[PDB]
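In: this one's structure only:
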């Protein structure tokens, strides 16, 4: 119903009459149209999306790694702008937004020749010199080690890593081996249509207390075959004949008459069950995931992600107390829209039904010849009894009453008062989002604070999504991937500590926050005596240089 | 939007011409400028807005 | 609609391409391919040459529609206003022009 | 006529002789810091970001193609510096580079 | 184009030079930009083919 | 609240100005450390504390 | 007029068997309760949004 | 301005071939700078714009 | 939960029956077996029983080819397994359980068997759900819930060779059984937007308690559960729907 | 000449490449005709 009010469909549509208008101006769409672009912009103001801040002093390196990797993932593996636009538009239009967070992985084996090396003890000083140069290059620059060291020295260094003794290697021959090459290893976030997902109704207004959640999606057999081990029992489901997509409950934008001839690329609707179940029967609830297509159960296992919660994030637009869902603006504005539309239609009917351009001429004022002369466009003579200045009538538009304009103005004022959105005002709330940026001593009119509150509600959802992705990255990504992305030493996070988010904090990064942080760093540099400690000053300068987007200068000041 | 036309101002053919949307001729005893009425919204009293 | 160069080599004809994923080996793996055909003849068939491995098209929407690829311009919002404004101006011109001056 | 014009300007957000200076403050360091824009300018700024993302994608694809097709001597001729080699495994995943409009 | 890590400055410099040279020489930038924006605004969607 | 932190920072700075920087080393180190903590920079604060 | 001076306070909440079994020692006599049925339909005092 | 730039580029390319050395030396009064024939096709090492 | 489960099962059965009978009613191409001209002329007695033959299936194939109806499946080239046959059949036909023996007994033009079973080509092909064989250009699918007009044929007398009959107002009449071939993109099931889509079961229930208390029943000891849905079909190309009417053995 | 088109809308394998499974022209054209109705409906709005 709320969407129908927005788009002018269903009950919102004006009735159709043969001789009268059906013009309905769009109020709710307008009020939402300013709100969208007001809200989207803060998330697109900078090149980096996520800001990770260490909680304690050991956490600087971990925060730097996680910020680097998370920013790289969001910048490369996703279309950030489209995701942000859909997220904001859905939150505004439906009153709530469900985000599904998952992981994507596809592994293909290959055969390549790997040379076989025979070890030999380190002889003389030259072998040790070359080995030490290799180790030093590995410490200073991992990419240089990968690209320029060569294979035999790499094998010697690996054996030195395994055992203290150093050796020198000479190749003998090449033997074929099988290697796993990951084509795709990246998290995926995708917004969900509300009609798809069903949540436990007995959660009493909190997503955490929910027992189960069921989501229905479209999938093709290639997706199921990407990871063979996870799914069992795929032969019973037909993949050859049935080619409508017609499952009623599932709601989708796919055209109805469209299916691929190829059996493997055919799409079938599947269901998932994320929830808690008593697997051992002794009263301990544990998370599980299940999947079934039609009437066949293909997948059954525990929750794979380290977090241990359902992979869904729920955000309300305008909250209702003690309830999951939210409310949009259309609920308040339906009646104002209806009355404004009625007024405008009446105005247009008044103008349209009238006669315009018609000329009425009295009988007997002009005889035949003078009538023809008048109609042709030349001079004439009229009977003196009747005065053609007053008697010849040329019709016009009727004059509009003041009631229509007054009522339209009243409706617009009431809509603006309730919602708090005006035509050409506001929108600068995104600049003052950051605490240090302008949240300190920030003065904004009454209307800006409602927009700021909605902005905070969206930023919380972004923080939760980032936290989930960080938790998944801690386990799923390997060491060499992180080293390649960051070019720094890998830091390991113990598996026990994943459940409770320790030592790191996630929030959105904007342009002004970095500027104010630079200002405060310069202030601290002035306040402290620059000659007190060289290392402290170098660390401050490197930190300032990092915010101003100069990696080379920052690294140069760090390793000075 | 309703239009009310006096009886006897226009005969059959002139009335059909007027309805179709072209020129006509009226009886001089009746004045179409004032007699033909086109109803509009009534004017709101100021008391409602004041209250 | 009436244009054809006389040189046979320089005549221009319509051709189709298919950039997509296919199971080339039948083992269950989807790999990118390209195919070109004219009329009823297949003239080219091979894997995706570009390094990125994706379809070489970049799509940009003007006003996004939630959970849909295409976008919408401003004409949706403005058609009715344009019609009524045109009607009013035509009315004023008729009022002036039809009169005798 | 006045009412229709006002409604059109309100829905679309374009006035006759107003706006247009949005592109001058696009840059992050340039004016994104402490850049105050009226309510009309941010819609145009959003559309400009949507276009800039498409330009970034095109630039990245063309970089990917240049990494393979162009030979060494052509690049050395154009830039007059030593050549830098990108391994083939690194082509699929975009590392070490970021593209944006200047 | 800007480097993500500190060893990437040389690669970024070469890529910027080569890409800018290609766009200024092998293309008519003004016509392409005009077509790009006009298509996006008129149709609401703009599809670019890269080859 | 956000502004409370700023005002505490300013009060600490004023006290550091009134007191001689060379009067006592430990006092000024601690003043700087809790100035740093309010500015959300933990490593620096710990670094001046154990200096 | 003061919550501190109150002698008693009574609250009614919804719970499941697994929550009570989280702490086996704290609760006793769980067996007597009829877990089957015993729905919130029985109590018309408790106010909730549950279907 | 783009059209004027294209005109300038064409005329530079034509000058590189048709003009002799002594004419260029007379006009500029400086040592002659030679451009090889292969590099004419791709307009490297120069940029033309309105001043 | 037992009552609710039975309610939902009944709803699904009713929906299936309604859709299938609408499809049977709206069928552009109808080919009466034997030498009949309408439902009344269908008979199993006399010289010519109204029972399908090879020529009827061949004619139906020819008509569907002329109407340009797209095919559904692909031919099968057999494997290297002994006693395996190749089948050229490209369309799908739905028959009831009453007609299958007659289809089994049928012979082709040259007197050979015309019903190839599924065990012969189970290898080197795919067996659809409910498939029981393939004849000529048609593969046969058996629908357990298939309907049949009853007491619609001609009058039944003592010369009855054995075909099924039904009683109508004190006199017996022969039954009529269909075989339906739905062509691609022929019909669509219509439905409203707000509240009711095409086939959505909207279930409401009010357990006894405060909410069902009213002036008629001040205490409140009642209840109800209800289930509802919308339906409607639009036929785009009726020329593609095919039907054959015939009697069936007992 | 050379008889008519040797395959039913190039069904089966034309044998351009060495892949075990080859696309054939019929499958590609079939996907095209499947997709075309929606695109035709969409282009009316742009028009």
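Out: All right, it came through fine. Numbers count the residues shown, from 1 in each chain, chains lettered A, B, ... in the order given.
In: Run a quick neighbour tally on residue 78.
Out: Picking chain A for this. When neighbours are defined as other C-beta atoms under 10 Å in any protein chain shown, residue A:78 has 17 of them. Heads up, the C-betas are built off the backbone N, CA and C, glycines and all.
In: Wait, chain I was what I had in mind.
Out: 15.
In: now do residue A:228
Out: Using other C-beta under 10 Å, residue A:228 is surrounded by 10 other residues.
In: Which phi and psi values does it adopt?
Out: Backbone dihedrals for residue A:228, given as degrees, to the nearest 10, come out at phi -70, psi -40.
In: Closest residue of the stretch 251-400 of chain A to chain J?
Out: In the stretch 251-400 of chain A, the residue that lies nearest chain J is residue A:255 (4.2 Å; C-beta to the nearest C-beta).
In: what number of residues lie near that residue?
Out: Residues lying near residue A:255 (other C-beta under 10 Å) number 15.
In: Is it correct that it is in contact with residue J:40?
Out: No: if you go by C-beta atoms under 8 Å, residue A:255 and residue J:40 don't touch, sitting 11.0 Å apart.
In: from what I can see, residue I:132 looks like it's in a strand, true?
Out: Yes: applying DSSP: H, G, I helix; E, B strand; the rest coil, one finds residue I:132 inside a strand.
In: which other residues reach stretch A:1-21?
Out: For stretch A:1-21, contacts defined as C-beta atoms under 8 Å, 6 or more residues apart in numbering or on different chains pick out A:22-24, A:26, A:28-29, A:32, A:93-95, A:328, A:330-331, A:333-334, A:337-338, A:341, A:345, A:348-349, A:352-353, B:1, I:193-194.
In: For it, buried residues please.
Out: Across stretch A:1-21, burial judged by 16 or more other C-beta atoms under 10 Å in any protein chain shown covers A:2, A:4, A:5, A:6, A:8, A:12, A:21.
In: now swap in stretch A:116-133 and tell me
Out: Within stretch A:116-133, the residues that count as buried by 16+ other C-beta under 10 Å are A:117, A:122, A:127, A:131.
In: likewise stretch A:550-560?
Out: Going by neighbour count (16+ other C-beta under 10 Å), the buried part of stretch A:550-560 is A:550, A:551, A:553, A:554, A:555, A:557.
In: one step back: quick one: which two of the buried residues of stretch A:1-21 are the most distant?
Out: A:2 and A:21 (25.6 Å; C-beta to C-beta).
In: which element follows the helix or strand containing residue A:463 toward the C-terminus?
Out: Using DSSP states H and E, residue A:463 sits in helix A:446-476. Per DSSP H and E, the first helix or strand lying C-terminal to helix A:446-476 is helix A:479-486.
In: Off-centre distance for that next one?
Out: A distance of 26 Å separates the centroid of the chain from that of helix A:479-486, by C-alpha atoms, centre = their mean, to the nearest Å.
In: For it, enumerate the helices and strands it packs against.
Out: With contacts taken as 3 or more C-beta pairs under 8 Å, 6 or more residues apart in numbering or on different chains; DSSP states H and E, helix A:479-486 sits against helix A:60-76, helix A:142-148.
In: re earlier: now the angle from the helix holding residue A:463 to helix A:479-486?
Out: Interaxial angle of helix A:446-476 relative to helix A:479-486 (axes from the mean of the first three to the mean of the last three C-alpha atoms, to 10 degrees): 140 degrees.
In: ok, and for helix A:446-476, which residues are buried?
Out: Going by neighbour count (16+ other C-beta under 10 Å), the buried part of helix A:446-476 is A:447-448, A:451-452, A:454-455, A:457-459, A:461-474, A:476.
In: Just want the angle from that helix to helix A:60-76.
Out: Using the same axes, to 10 degrees: helix A:446-476 against helix A:60-76 is 100 degrees.
In: Looks to me like residue A:109 is in a helix.
Out: No: counting by three-state DSSP, residue A:109 is not part of a helix but strand.
In: what sits against it?
Out: A:178, A:179, A:180, A:181.
In: Helices - which of the buried residues of stretch A:116-133 land there?
Out: Those of the buried residues of stretch A:116-133 mapping onto helices are A:127, A:131, per DSSP state H.
In: and which of the buried residues of stretch A:116-133 is nearest to residue J:27?
Out: residue A:117 (49.0 Å).
In: just to revisit the earlier point, ok, which of the buried residues of helix A:446-476 also contact chain B?
Out: Among the buried residues of helix A:446-476, not one lies near chain B by C-beta under 8 Å from any C-beta of the partner chain.
In: circling back to that earlier point, now render the contacts of residue A:109 as JSON lines, adding secondary structure, neighbour count and distance to chain C.
Out: Output for these, formatted as JSON lines (DSSP: H, G, I helix; E, B strand; the rest coil; neighbours: other C-beta atoms under 10 Å in any protein chain shown; distance: C-beta to the nearest C-beta, whole Å):
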{"residue": "A:178", "secondary structure": "strand", "neighbour count": "9", "distance to chain C": "15"}
{"residue": "A:179", "secondary structure": "strand", "neighbour count": "10", "distance to chain C": "16"}
{"residue": "A:180", "secondary structure": "strand", "neighbour count": "8", "distance to chain C": "14"}
{"residue": "A:181", "secondary structure": "strand", "neighbour count": "12", "distance to chain C": "12"}
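In: Closest to residue I:84 out of those?
Out: Distance to residue I:84 across these (C-beta to C-beta) is lowest for residue A:178, with 37.5 Å.
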